[PDB]
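Two forms, one chain: they're shown below as structure tokens, one block per form, named structure 1 and structure 2.
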Structure 1
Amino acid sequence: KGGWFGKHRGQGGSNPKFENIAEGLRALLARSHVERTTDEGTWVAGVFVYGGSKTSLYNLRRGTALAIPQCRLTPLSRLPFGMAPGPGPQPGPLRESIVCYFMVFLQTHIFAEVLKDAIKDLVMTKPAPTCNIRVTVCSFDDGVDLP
């Protein structure tokens, strides 16, 4: 099983698994009734989603793609190693670890938080590896010019 299915990349569809991960989201983000698009449309906020595993982090993005068509989604990449313990030479800035990450772009400082707090709670119940997905809020000082 598996192979090519005629829809390339950045062009993912809708599957019963995701739309439940999405519905589970677009119920937790309900609790707060905040704005999602600004009159200006500039991307000044964002949510940074990482950890767990690549399968978990993917399905979560795939659901978030459905729960929030008012946002824009990077594909999953990887993270640089941290700061190594002990006082030796540190790992080389460019170095790659196996943990993935993706980014959620948004137009709103406020509803960034609403998503960060919903993802933290959607994840928190599930059994591993979903429990290990982590979320922080990032806000871009100068806005980001998505094409």
Structure 2
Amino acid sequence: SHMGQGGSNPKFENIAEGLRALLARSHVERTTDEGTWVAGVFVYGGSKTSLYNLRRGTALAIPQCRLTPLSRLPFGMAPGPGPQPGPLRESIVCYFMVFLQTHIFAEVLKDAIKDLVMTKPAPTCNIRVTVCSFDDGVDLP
């Protein structure tokens, strides 16, 4: 496998290679004729830097997907203090979303991310992922 100068690669490149290896196990549909964005993977936690690396590596590994920027999650029960109404207050936990054209590929990618981060030290192993579904799709521009 390719090795960068001095015997190392950037974290996002190694993520891409790990994802490629896991995804090669699954020959599931990634696109449809209609090309609608009906499924997704919602990825959060860890730390901002770990999600940054994961997001960059996901894009490198999967041309068939589309990604949001990194953003932040609100709180669950009992939000922290702030001048805005509770529903708007931002935690320090970050997230990003992956949009996909098939529900099965979302499942495969969710499982790949879970398997990959379990091999990394904290905080990367604390990244969480769930598949999501969009009833009417998302009409990406």
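Shifts are known only where both forms have a C-alpha. Note that the rigid core is defined as the largest set of C-alphas that superpose within 1.5 Å between two forms. Residue indices: 1-based, along structure 1.
Peer 1: Superposing on the rigid core, which residue among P85, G41, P69, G92 shifts its Cα by at least 2 Å between the two structures?
Peer 2: After core superposition, the one over threshold is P85.
Peer 1: Is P16 one of the residues whose Cα moves 2 Å or more between the two structures, with the core superposed?
Peer 2: Indeed, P16 is displaced by 2 Å or more.
Peer 1: Let me know the CA shift of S32 between the two structures in Å, rounded to one decimal, core fitted.
Peer 2: That residue's C-alpha sits 1.6 Å away in the other form.
Peer 1: Fit on the rigid core and then flag the segments of at least 3 consecutive residues whose Cα positions all differ by 2 Å or more between the two structures.
Peer 2: Only these runs move by 2 Å or more: 11-17, 84-91.
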